[PDB]
Every structure is written in structure tokens, then in C-alpha cells.
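*Asks:* Structure, please.
(4 chains, ligands or ions: 7)
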Amino acid sequence: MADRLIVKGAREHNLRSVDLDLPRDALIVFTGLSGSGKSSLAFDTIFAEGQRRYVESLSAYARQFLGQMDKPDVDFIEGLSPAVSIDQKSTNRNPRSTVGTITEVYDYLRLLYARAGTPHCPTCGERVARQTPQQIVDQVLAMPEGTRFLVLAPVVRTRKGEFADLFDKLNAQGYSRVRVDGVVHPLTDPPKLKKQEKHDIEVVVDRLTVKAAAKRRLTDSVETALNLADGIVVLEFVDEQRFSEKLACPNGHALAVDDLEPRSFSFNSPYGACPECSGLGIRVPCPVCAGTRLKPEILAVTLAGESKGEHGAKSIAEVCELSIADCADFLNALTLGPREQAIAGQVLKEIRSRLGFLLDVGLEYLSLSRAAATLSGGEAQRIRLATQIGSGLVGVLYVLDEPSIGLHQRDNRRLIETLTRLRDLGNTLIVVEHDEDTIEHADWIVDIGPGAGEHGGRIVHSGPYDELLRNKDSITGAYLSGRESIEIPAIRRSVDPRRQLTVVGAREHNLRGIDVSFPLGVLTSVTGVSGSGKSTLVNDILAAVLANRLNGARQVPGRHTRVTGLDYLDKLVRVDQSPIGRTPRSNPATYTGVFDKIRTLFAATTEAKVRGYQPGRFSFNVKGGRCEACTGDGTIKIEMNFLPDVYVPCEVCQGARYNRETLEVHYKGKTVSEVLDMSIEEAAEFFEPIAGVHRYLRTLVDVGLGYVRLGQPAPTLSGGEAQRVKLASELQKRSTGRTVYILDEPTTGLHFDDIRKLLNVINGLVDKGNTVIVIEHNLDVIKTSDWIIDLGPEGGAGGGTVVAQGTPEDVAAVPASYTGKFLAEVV
Amino acid sequence: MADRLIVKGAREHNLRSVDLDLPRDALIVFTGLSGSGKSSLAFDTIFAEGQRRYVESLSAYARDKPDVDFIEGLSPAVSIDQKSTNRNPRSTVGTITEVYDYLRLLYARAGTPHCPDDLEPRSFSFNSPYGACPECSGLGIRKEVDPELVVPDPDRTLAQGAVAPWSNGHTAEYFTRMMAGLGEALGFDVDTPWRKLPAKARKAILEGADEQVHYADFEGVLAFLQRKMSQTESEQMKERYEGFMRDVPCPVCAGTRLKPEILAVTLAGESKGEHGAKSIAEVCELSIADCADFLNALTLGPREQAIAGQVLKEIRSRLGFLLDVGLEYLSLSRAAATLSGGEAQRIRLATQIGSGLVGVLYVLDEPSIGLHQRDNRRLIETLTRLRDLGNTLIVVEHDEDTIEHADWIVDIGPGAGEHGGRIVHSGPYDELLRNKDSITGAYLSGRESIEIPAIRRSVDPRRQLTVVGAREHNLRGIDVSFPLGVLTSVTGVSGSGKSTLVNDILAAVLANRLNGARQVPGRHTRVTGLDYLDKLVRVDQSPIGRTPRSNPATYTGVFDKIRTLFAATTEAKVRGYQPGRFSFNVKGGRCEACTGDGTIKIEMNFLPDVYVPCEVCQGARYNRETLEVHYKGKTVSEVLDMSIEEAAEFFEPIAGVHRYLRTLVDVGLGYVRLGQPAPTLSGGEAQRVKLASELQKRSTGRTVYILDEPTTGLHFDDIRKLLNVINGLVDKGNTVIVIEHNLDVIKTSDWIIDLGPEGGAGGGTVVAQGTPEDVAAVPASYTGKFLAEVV
DNA sequence: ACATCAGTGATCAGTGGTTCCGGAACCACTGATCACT
DNA sequence: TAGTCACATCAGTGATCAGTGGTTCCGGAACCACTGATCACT
Ligand SMILES: Nc1ncnc2c1ncn2[C@@H]1O[C@H](COP(=O)(O)OP(=O)(O)O)[C@@H](O)[C@H]1O
Ligand SMILES: Nc1ncnc2c1ncn2[C@@H]1O[C@H](COP(=O)(O)OP(=O)(O)O)[C@@H](O)[C@H]1O
Ligand SMILES: [Zn+2]
Ligand SMILES: [Zn+2]
Ligand SMILES: [Zn+2]
Ligand SMILES: [Zn+2]
Ligand SMILES: [Zn+2]
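*Replies:* Numbers count the residues shown, from 1 in each chain, chains lettered A, B, ... in the order given. Ligands and ions are numbered 1, 2, ... in the order given. Shown next is the structure:
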């Protein structure tokens, strides 16, 4: 029938026509190593194929995307369904759109602020309402019964001019009544008029007081005035009342919002955009934002009536500041009106379903106004997880990245249950996740890339994960199932009371002003369920202050009082998964610092001696070293008439960003193109006489960059490998023990073996007399560190405090943190 | 394991809170009536919600309100309908179906550089210029410019301007200033009429000049037209500006779009066919059928056949799917410029069955449109195999063959109009047989049926139309007879070119000679018999009105009659205001709260609006001021309210309104609300409206009606009502000729002209004609064979 | 007792964006009037 | 085979306007100045 999915012919990088058939509508995992090929095998190729198939079948634009995107690197793919990529691929990074808009609830914010918010004009606080003639005619009831008035049709309001001809025309129609400059005369015998003299021409139409059931004559003259007077009349207390119709404000005033319309409060749209920031929120905030990312008129004046929950009186910015939980609980129960209930029931249902899935993932501490940059990858990953589990399309295919980033252990287990829900839905699941518990908890597991780099990409194991245990060759299989594992260091480097960096007064956001101490020169790790605070505790305060002081920057100090520890460190250098550089001038080889070295060595070639090639001339940055047509990229770009772009290798450059003149020099029997393209593995093997570069390259190989090549582009390598090369380079940069620095979650996409390799690397960094604090939720980071601090019992409400600051074994003994609980479980 | 798809609470128009389950990994058919909601459910709600689901699951890009409580057992929905098609011909059929790409891979595996290797699928893809001819870059037609179209009237001064961008608005004044700059730069006078201008001066005008001239540099209307589509937003503007680009295929490869030298050298080794030197220019020109035939047999050497065999099998399978579709006679070089709705439906069906996605939903429409019955039989086999791929197939098709061949059937809209939109059957269709309330089942069981008329309107050879010398394309100068004064009908196999004959030759000539049309007559030496006719009328499924502004009253013209009727009230007299006052599209009487539209409408792009009665209206779509008149005890709102049949039983002693309502009652679809928006009326309903309107024009029958295949939009009973309409017309003297794949319709038509010995270019001549029985006795038509096995 | 690789740093020597410019006028489609007869 | 006879209007019929739908369209190089190396020195 339809119960299995087959892929055949995965031939790319280390993948060698790798193939596999699996049971559709089950839970399946993809394991292996870093760079083992699973990344592209699952995301780049299989997801590309499925999405391309569905978009071509349906009418997505031209049914296409990237012109078939990648060519099919599978001899045959069968039994498929439209793939769904649950990945950290991308999000909404627009500064105009904050997480409030990204959460598909800015529309609902505007919906509520339209009518629930104060529907009143800013100028006079009068309920914004539009012009109507029916109210004009019905206003006769408002004016007391029997009170004299006049049927005054303002035909020509205040427009002065000698208009005896107009008098004659009005007679030609036939009314016999008129009033000019507020004085009545008969059209039969009107007064004289001059252009200089002001003439307020409101023609009397009929003789009437407030009578009973006089609507016949009333309407007769009244719609007449609504045309002649053009919509306006007055019933004065001639014995006051004005029978006028005005749009927007009833009094003809301007409005912050022209009416009760949600888009009026959309600064991403020009409705709410400031004159001086255009929705960006900057000029230093623009003078008309002052913290609120909205126009001051459209901040609260026309929308202060949001009676959400209790005491509800909110500005658009106020709801923005309402955290996830704050706004969700506010909207859980609120009384704004029956029509509002009818037209916002869908609003409540969408929001509550979204929040239920958000809790199913365990994500509330983020705020509606919280900067989208706070997305930790795992955050947006969980956003999409909730979206797709709520979608409920049964049988759809779903390929998962690793969402554990920014998550706790048993929280991740509960999320694993969340996905097993989708498995039970009949949906097909292919997984990728370093969490062990995720492993051993799937209907099927396929381990790949027996070797990590280009050398290994085959499916070393393919079974119920039992064949992973039976598959000893799978190094990751051995690491996970227990054939081998990382080890706890015998010695936890003792505290250093003298040189200790201690933050005091840290109350930024969730933080409760607690003070946190950290020894310097000995390894340390920080723990806490995501949302606890450590992230901004360091970034916004510790790292921010230390960096802008030691290096004289202007970073945000954060909410803190003081930070001791500066005197013990020569400087701070924040280092994280970031790349080396987006520009073409930034490439592995060039930006690793070996650029000038290779340039000089190539100048030292025998040919370069008989050629006089300057080292800077061996740079593509200068024109001499590069092909000017390529501008330093060694390729030809080809765009044509409304057709996709193509690229070709440049011939003079030979694809090396170095014209043939530069490439002719063949340092050590190798041109610049060669000494770029060869792998980092053979680079460490090579340059043996060159002490510095050889040490750098072998350090890179130890970090595990052998299969990568020095000549690769910067974009071609992941941020994890970028930090790998950065740590390898800084390894030989005279640490002196005082370069105590900071680090983020490094466990991203690392197999246990390379995890332990980097563990040894950081052990060396610590033995250098230094400490690079690490923000890692993982267990082994703590189990190997020698000082540990947990941000309160749990995240958010738990966070902003400390439960065990001291030794890793101290926190292990401490059960106040689940981190210490799992430590007690294992060491 | 949940293997069934359930819908819960579909509410729209006559359809209301529809709940039902279907078996997944099965095949589903739909039945009912026009406007009955069967189509609205199958596509307008089911696939509507499915596409909503996949846009909320659009994992790429930035990711309406289906009026349904819930859905369960869902799968991604695929739309397959005569409507779901586009007008982009550049992507020829081969490229669109991707057949081309796998042939390119085959030829890549067929490395044969010939005496004067180098074979990858990219090098064969004329779509992009690795292989595409150097001159045209694989473009079907050279984008030249027509001097006559650019300048229709040379007598006018160049300053006055002939091209559209030179005429309207401040934009036109800018364009005229740039043209004056071009004149003062190049050296052509700006005010000299093209007639008085030198020919080289006109060519320089149309090619512009270099340099920037006020400043703005222009190089004639060659590339600004190409930029206009990019600049403009709506597709209408770009289509307007693309219409008049001369199409002159490049002679260097003469339509065989690829480098003529490369196709002969790099890949002449292809022995695809009679062991001939199959160049890929030839491959491109090869029709679907012929190209498949020579792709079946070909020797390229042991290595090449070994490394290309799998792609050949893939080609055979997908082209077998296309053959079951029946568009094998269509040629690969064919584009979609003249593509038909049924042809596009077939194209999508073949492409998305070749894609071979298992466990994916498909909503489908009438496959029989522009398809022979045996062809649709093999197509039903194709769809049954598609179902064997574990694919759900929601379908709507009146044709019985598709019916009674699905794992499940659902009949909807027991009534057709607003009254009926609910579910009258859902099951294995055996309980459809049990379900006697199903009108489709009643027709199936013979409760209602149609056949030949008791007598065929006698054909007079004297008063006959004739089409001699019609050779346009598939045609070969055939002289064809058409009885006049009676109902003849054009018939034959699908794609047989009889349509093109009609539209380009028959209809074209008749319209330009009688109705004053100025369209191209194709290629015909002459036509005769116009002396027996006065003015033709070509009618099809097109909707009568695309806006709610127009309504049954406005179209029928009875609207002003009823307005005057209301003016006849004594209250109307005393108020002293015109029938236009009583109108609903009139400024004065239209309440500003709705512009007299009844409910109040305001909405943004994201989600649809909701109807809300207005204080003035309460659904009255009027103003009480006007409604105060109650002519014959009825307000204007009430009069516009009661639908056609109730109005018909009303207005009895009146005359013109009586004729209108009698026409509509005879039509029998009077259920339609008098104020029912034209947009809320199906194409078949609009067709019935059009035939009713023409039924009230006293043409004496001298006129002749030509018609498309109208099965769509008309149920069996709707077709019977239309048959009665045409019967009355022809008894009034009218002539008729209809393209139609329905045996009953043609057997009812008193004469048949069946053209086409073979589909496509194999047709182009009368294979038989005469009474339906006469044409049947001649098996030269397959439709004739069918009219023979019947009767 | 150097080391040719070290070691970064503000300016200076290449990059880095951003765009105005708000609309009615004008013209094509069909309705209705508007005769008109 | 002949001059007077005198008791308006449905329904075309479309022109023709005269409203509605939509048009549409340009100039881009400048302007604001901002931003990653390279010797320099240590
Ligand atoms: N931009 C911000 N706006 C508001 N609150 C923030 C912001 N950044 C951080 N926070 C606060 O810091 C906490 C972040 O916790 P986090 O450090 O991610 O947990 P962990 O310490 O487990 O990594 C949240 O509780 C939040 O209230
Ligand atoms: N101008 C034209 N462009 C393309 N094809 C044409 C043209 N004129 C005639 N034909 C031919 O006429 C055929 C059209 O078939 P058609 O008449 O729609 O089928 P049927 O005979 O069933 O109505 C095409 O197959 C084509 O060979
Ligand atoms: Zn006001
Ligand atoms: Zn602002
Ligand atoms: Zn180059
Ligand atoms: Zn060509
Ligand atoms: Zn209204």
C-alpha cells in the first residue's frame, strides 16, 4: 500500500550512493558524527527534494524554487511525502518586526487595540465616529419639543462674494428663504452683496419649529440641504443645536487612528511609523519613540482601553512589554464586549492554542517585546515545532534538527514526548539530535559516516538502534550505548580566592540583584534551565562591562552595580560560534593569519625569486594578485533576462581568485591554487619545516579540521567549525593565564569524540593559567569543570538567583538544581 | 491506524454544516447539480482548506477562513481542474512535463560527439544557453516589433503620437518629451506624420537613439516593452504589453530550438528511430507520439545503453501515463498559447501522476472535457492506478464512466439553488442506487433521459452553409456542408482540429461576414450559404457578470421595467421620482452605510469579511425612504427578493416582465434569487441566462448559434432544459452547431458534421455527416461509431 | 647570544548604503441614462 | 378610386456620456559620508 520511504544514491562529499528504506509514519533518527554528512543528506537533499516535488505539483509561484534547487543526488527516491523542515534555518530578523509580530499576535494586538482600546479622538476625547445624515435628520428629537429653529442649509459656507446671480438661481429652483451672514432674508427680496464683504451663505429653506410627526417637511428640506448645503444644517435656539455630520472625529477633529482599525496601530506599516524613525525605533531612540516602538499618538491615546484581565488599561507598547505569560494570562479572561467576543473569539482560540503548544515545549519567559535577536536557534525551532504540531496534517513528513539548544534535559524529554505525539498522528519523522535520550527512543535509527570527515559518510548502522549496539564501528554508537565515553577528571582544579571575578548588583530583567563569583585561572561552567538568566547575566553585564572596559568599547553595562575581577585579567575577548567574516576577503586561509606567511613563502619560491612577486602582490586584495574582472573572487557570474544566475570558474584565476601570473609561482612545487585547495589534513602533514604554520595546522587537525581545507571559502563552513578554527588559532597566541574570556554553548553539532577533544583543548587553555567561562547547558561541561554555579532552582521564576555556587561536586551534592540531580545520578 | 479523512461543518451559501468521512488511500467521485455545491465542496472548500493548511505549513516563504468546524485525516491537497492552468507558452509541453529533462539525461548518457563525450543534460537544455541556439538562446520566437501595430495610422503627425505610452497623462507627456529629445538628437522631425516621414526616419524613431535626451535615454520601443512587465504590478498590464511583440522564429535553427551545429555534432550518434541520425533539433520538433516512438527503439552502443537504460524506462512509464491521458497526438513543440482547459487538466494529471507521490490528496474536475469517452475510460484506469499509489482522489464529474468506478461517491445539493446544498448521498454508490433523491441517480436509472427527437428537422440542401477550401493547419481544403434552418452539430474525436476549424475558419468567417467581426479567417478559399442567414451568435460557459453590481434584473433588462412598475404606485406619483430612484445601483436611494448593498463590508487582505445587516437595510439592500412604496402590496426590497419563479407567478397581467419570467420559467432554473450576484452564479447558470436573453430577441430563426461543449456547468437536467431551449429556437428557424462530447446531445441534434479521421493533424476533414444516424452508419468517426452502437 | 613570523591599532583607502515621489489628473468598460425615435 | 380622417409608446438601440475601474511614470547619479587594512610603533 503506502508504508515505507526509500532513498537511493546519496553520492555527495563522504556520502557514497548511500541508500536506505524506512517505515513511513514512524519515528526515525539520523546519527553519526560531526561533518558525517547527515546535515546535507537530510536537509540539503531529502528535504529539498520533497519540498521541490510539492511546490512543483502545486502552484507555488511558478511551482518552482531555485530551479529544481539541487540536482537529484539520489539515483531514486520513492514512497515520499512533502517534506517539512523543522530546522534553525532562518527566522524574522527585521528590526521593525519584534518577537511580538514574529509570534503572529501583533495582528491580534492591533485587533484588540482597535475597538477595545479607547475609541476616542485625541484632541477632545470624543468617541471617534463618522459622518451620517440620518443622525442629522433624527437630531430634531434631541432638540426639545416645540423649540423654535430654522432650516438652515449652509449651501456656500462663509465663501464671500456678490451672489445676486446665485440668489436668482436659488429662486429659479424656488425656495423664497435664505440667510446670509447669519441674518435671514427672503430669496424673493434678498439683500445686496459685495465681494469684499463677508457672506456666510446658509440659505433658509423652510419655516419650522420642533413639531410632532413633521418628518415629511423636515426630510423634504433636509435631504435638500444635505445636497445644497452638502451635508450640513443647523437647528438653532432661535426661540444650541447644530445638525452637522463630520467624519473621523464627530467634531471634525484629527485622530491618532482615523477609526477602530488594527492597521492604524501598525508601525511596520506607515500608520504607526514615526516621522523620524520610520518604525525602526532610532533617530539613541528617536524623540518620538522614547522606548515605545510606536507613534505617541497611536501609543495609548486611541487605544488605552484594553481591559484585559483586571485593571486593564494598556498601550500598544504596554502589551508589547507584556511578557508571553503576562499577555497570555491577560487574554485568558477579559471582558471587552459581546461584539468583541464574537469578532475576537478566533483571536483567543489561536492565542490559547499557540500558548498551549508553547507550554508543551516549556517557553514562557520570553516577552512579546523581547528582541528577536534573543532567538537561540532552538527558540525559533520550538516555535516551528509548536506551529507544526498544532497544524495536525496527518501523514506529513517531518525532518528534525537538534532543538536541545536552549533547553534542559528532562524538558527535552518532555519535548520528545511532544514529537512522539506527531509520530502517533501517523506522520513520518526523520530526526537529528545529539541528545542521548532522543536516541534509543525511536522506531528506527540510522547511524552514518563511520568516519567523520570526507573519509566516512556511509550508513554505518541502519536498524531499530539495536544494530547500533551491534555496530561497534560506529564511534558515536559506542559513545552513546556505553562501549566508551568521556571521563570525569580526577582533579577539579581548586578555587582561586585571590583572583575571582564577582558580579554584584546584577538585577537585569529576571535577575534579582544576586551576586555571582567565579574563580579565575581554573575551569568553570554555568548551569540553569533556559530562561534562568545566565545568558544576559554575562552578556549584558559581565561580558559587556568587562569587554567595553578592557577594550574601551561602549557596550550596554546592564542592570548591575559592580564587577570585581578586572585587575586579574589582561583583557577580555568574547568568542562564540560566529564566523570569521562575510566579505570575500575573509576566508579560512586568509583570515587564519597564515595569509602573510603563505604570501611571503610563495615570494620565497625559486620562481618568485626570478619573478619578484611581492607578498602583498600574492594577495587578491591588491589588483596584481587577483583577476580584476573577478575583483578577487576568481569566478564569472552570469545573469540573463529574468532567468536564474549561474557561475563559472575563471580561467586566468583558474578558480583560485589568483590570476595565472600569481598561480605560476609554485612554492614547494605547489602553486597558490594548490596550497589553497589541499586539505587541512595534508596541510598539517605539510609545511613541516615551517614551524609556526605547521603548529597552527596540526592544532587545527587536533581540533578536528583535517577534512576541511584551508582553501575553502568562509561561507562554506559552519559556525561551529569557525569557532573551532578560532580556538585553534588563539591557542598559539600567548595566553599568559590572564586572558580570562567567555564562551557560549559549544556543544552545537559535536559528536562525543570531538566533544572530548575540545574538552582536552579547554583543559589546556585552563592549564595556561586562564579560564574561558562557558555557557553550556550540557552535563559533561560541568562534570569536567572545577567551578560551577546554577542560576536558581529553575528558569525564570527560579532564575535570577543561585542555589549552588562552588564546586561541581558541591552542586552534584546539591539537589536544588536538576543539574546537581543528574550529577548525583552520575558523579 | 487512522486511514480516513473527515470534514466537519462546511458552511457556505446553500451548503450548510456539511460533515462527512471518506476512506483515505482510495478514490472519491462527486455528483449533484450546477450551483448545488458539489463543486464548491470538492474544490472551493475541501482544497480551499487543504491549501490553507499547506500555507500555514508553507515551511518556505513567509508561510482565508474555511467555514468548517474541523478536519481529520488530512493530506496535502492538489488542485486538478480545467480552470487551474496558465498562459505561458515559452515552457513548451515537453519542458512543462519535464519529459525533456529526462530525455536530456538520456542523451547525456548517450555520449556520441559524431565525427566532427560533451553530452550532459545541461548541454541539451535549450531552456538555458549551454545547448540553446546561440541566436535565439532557445526562445521559440524572435521578439521583433510590428511597424503597423506600433503605428496603425501613419497619416497622424509623429508629435500627436501612435504608441500608447505617448498618449495618456503626465506620464505620456514625459514620454513625448523623451521622443522629442530622440528627434532632436538623431535627426528625425518630431511633428512629421509617419506617412510623410522617410522610411529610415520611421525606423530610427522606432529604434530610438543613443545618449540621454530630455533627461532620459530611449532606444525605441523594443526594450521598454520588456521593462514594462517588470515595472507594472498587475498581470493585466504585462499581458497587454506582451500581446503585440512580433513572433518570428529564428531561422538559424528554424524552430528546432538548439544550436543547429551542436545538435548535429555532439549528439548525432543517437540512432533514435529508423536507425537514423536523430539530431536533437529533430527530437524537439518530434511530436509527443513520434518522439516516444523513436525513443522506444534506439541503439547507442553498449556503454551508452547500459548507462541510459533506466532513464529510458522512466521515459516509457511517464509517456505511458501521458498516453493514458490521451495527449500523445499533441506535439512536444506545441506551446500553451492555444492550450485548452481540458488539455491543461490532462497535462497536470499526467505530470502529477508521473511525479508519483504516494499518500497525497488530489481534488479533480471533469476529465471528459475535450476528451473522447474511450480516452476518458483509459484515463479512469490511469486514476485508478494513481489510487493504487495510495493516493486520495476527490473528484467531480457528471460523466458516468468516472462515476460508479470510485471506492466512494458523494452526491451533494439535493436541490441546486440556495434551497439545496446539503449531502444527498455518501457511500459505495450502491446506496446511491438506493438513494432515489439523487438526480444524477435518477438519470442513471432512466427516470430522466434524453434521446433523438421524434423527427429530425428536415434538412434543405438549398439553404445550407458550406466551407470550401478550409486547409488551415490540420485541414486540407475540405469542403464541408452545414444544414441551415435546423440543428446540426460539430463532432469528432478530441483534438481533431474541428475546434480550430470552427474558431479560426467557420466562426471567424461567419462573424466577420454577418456580425462585422474583423478576426482572422484562418485559411479557407470560400464559404457560402450566408445568404440564408443574418447574424451568428457564439455562446459558451463564460460568466455573464463578474461583479455583484449587475444582477439577474440588470442583465435581463426587466430591472427598469420593475422600477417603472413601482413608479406606477400612487405613492410613487406623489413623491414624483423616477424609476431610477427605485434602483439599487443609484446614488440617491443607496444608503451610505452600504451604498445600498444590503450588508456592510469592510476587510483587509489577510482574511475574508463577514456579512452584517445594516441598520437601513436588514438585508433590504435599499433605503426605507424608497421602500415606503409597496406597489401591489410589496416593497422594493420584497420585489427584488422573491426569486424568479415567484416573480413569474407574479406580474401576470404585465407583458414584458411576463415574457422575461416565462423565458426563465421555461429555463426552469428560476430558483435563483432575483438579486443573486452574478459572481455568485456558475458558468453554466450564466450560459442559461445568456440563452434565455437571446430567446427574447425575435431573430425569426435566421440567426445561427455556435456553441462550445457545455456539459460543464449543466447537470443532466440542465442539459435537458437547454435542449428544450435549442429545440424551441430551431423550431423558430434557428440554426445551431455545437462542439460537444455528449452522445445524447448530438443524437438530439438533427444533423451531425463529424470531422477528423484522426486526432490532431490527423483530422482536418469531414469523415461523416448527416442525421446522427447517418454519420453513425459511417464508422469514419469514433463519435460516429458511438452514435452507431447507440440507436 | 634572533627569531620571520609576533601583535595588534586608529585612520584612510576602500566600502556602505539609501533615496524621491504621491498622486490626482488622464483613459478603458459597462451601466445607466437619455434621449430618440 | 381618393384626401382627411386623428384619440402614444413598449421596445429596441445604440450613442453618448458619464460615472466607475485602473496608470503609471520617470530620473539614478549623486548625495550623505561611513568602514576593514598597513604600515607604524611597540
Ligand atoms: N531582551 C530581554 N528582555 C527581557 N528579558 C530578558 C532579555 N534578555 C534576557 N532576559 C531575561 O533573562 C532570562 C534569560 O534566561 P537564560 O539565560 O536564557 O536561561 P539560562 O540561564 O538557563 O540560559 C529570562 O528569564 C528573561 O526574563
Ligand atoms: N493555429 C493553430 N495552432 C495550433 N494548432 C492548430 C492550429 N490550427 C489547427 N491546429 C490543430 O488543431 C487541433 C486542435 O484540436 P481541437 O480542434 O481542439 O480538437 P477537436 O477536433 O476535438 O475539437 C490541434 O491538434 C492542432 O493540430
Ligand atoms: Zn476630536
Ligand atoms: Zn520612532
Ligand atoms: Zn579571474
Ligand atoms: Zn535558434
Ligand atoms: Zn445599508
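*Asks:* Outline the domain layout of chain A.
*Replies:* Following CATH domains of a matching chain, one finds the domains of chain A at A:2-90+A:376-485, A:91-130+A:241-375, A:131-240, A:486-578+A:718-827, A:579-717.
*Asks:* Select, out of the ones you listed, the one closest to ligand 5.
*Replies:* Among the domains of chain A, the nearest to ligand 5 by CB to the ion is domain A:579-717 (2.3 Å). All C-beta atoms are positioned from the backbone trio N, CA, C, and that covers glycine.
*Asks:* So residue A:257 versus residue A:105, what's the distance?
*Replies:* Residue A:257 sits 19 Å away from residue A:105, going by CB to CB, to the nearest Å.
*Asks:* Who has more neighbours out of these two?
*Replies:* Neighbours were counted for residue A:257 and for residue A:105 using other CB atoms under 10 Å in any protein chain shown; residue A:257 has more, 28 against 24.
*Asks:* who's in contact with residue A:736?
*Replies:* Residue A:736 is in contact with A:570, A:768-770, counting by CB atoms under 8 Å, 6 or more residues apart in numbering or on different chains.
*Asks:* Looking at the residues you listed, state which has the most neighbours.
*Replies:* Top of these by neighbour count (other CB under 10 Å): residue A:770, with 22 neighbours.
*Asks:* can you give me the helices in the stretch 301-450 of chain A?
*Replies:* Using DSSP state H, counting those that start in this stretch, the helices assigned to the stretch 301-450 of chain A run over residues A:316-321, A:324-332, A:338-361, A:378-391, A:409-424.
*Asks:* quick one, what contacts the closest residue to residue A:51 other than its chain neighbours?
*Replies:* In this structure, residue A:51 finds its nearest non-sequential neighbour in residue A:83, 5.6 Å apart by CB to CB, 6 or more residues apart in numbering or on different chains. With contact taken as CB under 8 Å, 6+ apart, residue A:83 is in contact with A:46-47, A:49-51, A:54, A:397-399, B:59.
*Asks:* Show me those residues that map onto strands.
*Replies:* A:397-399 (DSSP state E).
*Asks:* List buried members of these by neighbour count.
*Replies:* Buried members of these, scored by 16 or more other CB atoms under 10 Å in any protein chain shown, are A:397-399.
*Asks:* Just the closest of those residues to ligand 3, please.
*Replies:* Comparing these against ligand 3 with CB to the ion places residue A:398 closest, at 53.8 Å.
*Asks:* For that closest one, give me its contacts.
*Replies:* Applying CB under 8 Å, 6+ apart, the residues contacting residue A:398 are A:83-84, A:86, A:388, A:422, A:427-430.
*Asks:* same thing but 6 Å
*Replies:* Neighbour list for residue A:398: A:84, A:86, A:427, A:429 [criterion: CB atoms under 6 Å, 6 or more residues apart in numbering or on different chains].
*Asks:* of all those, which two lie farthest apart?
*Replies:* Comparing every pair within these by CB to CB identifies A:86 and A:427 as the most remote, at 11.2 Å.
*Asks:* Not counting sequence-adjacent ones, nearest residue to residue A:333?
*Replies:* Using CB to CB, 6+ apart, the closest residue to residue A:333 is residue A:309 (6.6 Å).
*Asks:* so how far is stretch A:464-480 from its chain's centroid?
*Replies:* Stretch A:464-480 sits 37 Å away from the centroid of its parent chain (CA atoms, centre = their mean, to the nearest Å).
*Asks:* mind listing what's buried in that stretch?
*Replies:* Within stretch A:464-480, the residues scored as buried using 16+ other CB under 10 Å are A:465, A:467-469, A:471, A:474-480.
*Asks:* Ok, stretch A:523-533 next?
*Replies:* Buried positions in stretch A:523-533, judged by neighbour count with 16+ other CB under 10 Å: A:523-533.
*Asks:* ditto for stretch A:284-300
*Replies:* Of the residues in stretch A:284-300, A:285, A:288-289, A:292-296, A:298-300 count as buried by neighbour count, 16+ other CB under 10 Å.
*Asks:* And for stretch A:176-191?
*Replies:* For stretch A:176-191, the buried set under the neighbour-count rule, 16+ other CB under 10 Å, comprises A:177-180, A:185, A:187, A:190.
*Asks:* Tell me which residue of chain A is furthest from the middle?
*Replies:* residue A:189 (76.0 Å; CA atoms, centre = their mean).
*Asks:* ok, back up a step: of all the helices of the stretch 301-450 of chain A, which one is nearest DNA strand D?
*Replies:* helix A:378-391 (26.3 Å; CB to the nearest atom of the strand).
*Asks:* Give me the contact status of the closest one with ligand 1.
*Replies:* No - Helix A:378-391 lies apart from ligand 1 when judged by CB under 6 Å from any ligand atom; the minimum separation is 9.1 Å.
*Asks:* Next, the angle helix B:48-55 makes with that helix.
*Replies:* Here helix A:378-391 points in a direction 160 degrees away from that of helix B:48-55 (axes from the mean of the first three to the mean of the last three CA atoms, to 10 degrees).
*Asks:* Which residues are in contact with residue A:97?
*Replies:* So residue A:97 contacts residue A:268 (CB under 6 Å, 6+ apart).
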